[PDB]
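Beneath this line is the structure, given in structure tokens, with notes to follow.
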Amino acid sequence: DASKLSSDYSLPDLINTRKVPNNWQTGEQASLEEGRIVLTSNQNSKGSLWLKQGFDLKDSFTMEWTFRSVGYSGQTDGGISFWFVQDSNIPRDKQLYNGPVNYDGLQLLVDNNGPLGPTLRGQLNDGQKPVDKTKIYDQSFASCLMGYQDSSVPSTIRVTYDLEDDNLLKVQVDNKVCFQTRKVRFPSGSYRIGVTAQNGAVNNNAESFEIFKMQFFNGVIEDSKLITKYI
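In the authors' numbering, the protein residues as written are 8 to 231, 243 to 249.
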């Protein structure tokens with residue numbers, strides 16, 4: 008697995024790091040603080056963290072994001088979104104959790120404003136139309152229940168896309184399967200990888216979403243014009 012780790016698309020541990028790693032960039036109110044990038048803080052905050060360069064999808068990959076939420080417990084309109092989307096530059100649109108409403112690819116949404124409570128949901132789009140935000144919870148292609156708030160220990164989301172297992176897309180939270188599917192077909196192309204968050208305005212909350220680490224691997228780890247399709 009070391010041999011497969013990609014330094015170009017990973018975010019190293021941020022302890023004693025005095026600047027954002029140069030292959031990434033923050034946006035909006037996101038900032039580097041000691042040991043973590045803080046996406047949101049204080050009220051009605053938004054932040055983004057994206058890789059500067061696209062990823063050429065030609066083979067299986069794994070991506071592991073380590074994050075946490077601190078500072079608020081309760082239902083809100085906030086959320087954190089992890090993206091894997093086909094685009095030539097960082098996505099321009101910021102309407103959907105401070106990320107693109109018109110994406111072509113995958114949105115993984117962690118939030119608690121839907122009827123099921125705190126969830127990790129998979130959303131898909133193919134760039135032809137913006138998604139209808141009013142239908143997001145009814146349109147998830149897959150989901151699991153996932154407690155994330157007010158939680159000191161960070162969580163790790165592992166996303167694997169395994170072409171050698173008939174295009175298995177598998178999403179794990181701390182190594183437990185959240186969902187998996189073979190229905191999602193990402194075309195070869197250049198993809199943008201990043202995370203965006205907002206805490207919203209509900210109850211003037213100051214929920215703070217934090218990113219600690221992200222590891223990107225070429226291949227599948229120990230789990231041995244074209245647009246996204248859902249078959």
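The beta carbon of each residue, even a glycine, is placed where N, CA and C say it ideally should be.
Do you know how far the Cα of residue j is from the Cα of residue i?
i: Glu217; j: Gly129; result: 20 Å
i: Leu103; j: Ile22; result: 30 Å
i: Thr167; j: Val209; result: 34 Å
i: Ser14; j: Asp20; result: 12 Å
i: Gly78; j: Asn30; result: 29 Å
i: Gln36; j: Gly42; result: 17 Å
i: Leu113; j: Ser17; result: 18 Å
i: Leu244; j: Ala149; result: 23 Å
i: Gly121; j: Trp90; result: 19 Å
i: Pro28; j: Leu170; result: 30 Å
i: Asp118; j: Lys11; result: 31 Å
i: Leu116; j: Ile97; result: 18 Å
How is residue i classed by DSSP in three states: helix, strand or coil?
i: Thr73; result: strand
i: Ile143; result: helix
i: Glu35; result: strand
i: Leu170; result: helix
i: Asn225; result: strand
i: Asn210; result: helix
i: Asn132; result: strand
i: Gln179; result: strand
i: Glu41; result: coil
i: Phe193; result: coil
i: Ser80; result: coil
Please state if the CB of residue j and the CB of residue i are separated by a distance shorter than 7 Å.
i: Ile200; j: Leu58; result: yes
i: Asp111; j: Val138; result: no
i: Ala213; j: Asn51; result: no
i: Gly54; j: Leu46; result: yes
i: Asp100; j: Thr246; result: no
i: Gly106; j: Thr203; result: yes
Answer yes or no: the CB of residue i versus the heavy atoms of the ligand GDP, is any distance below 6 Å?
i: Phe68; result: Only the bare structure without any ligand can be found here, which leaves the ligand GDP out of the picture.
Hey, residue i and residue j are a contact pair by Cβ (cut 8 Å); roughly how many whole angstroms apart?
i: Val191; j: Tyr248; result: 6 Å
i: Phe223; j: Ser162; result: That pair is no contact at about 18 Å.
i: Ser197; j: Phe62; result: 7 Å
Contact criterion: CB-CB distance below 7 Å. Does residue i meet it with respect to chain B?
i: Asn23; result: In the structure shown, chain B does not exist; there is a single protein chain.
Could you tell me which whole beta strand (DSSP E) segments of length 3 or greater appear in the region 99-130? 111-118
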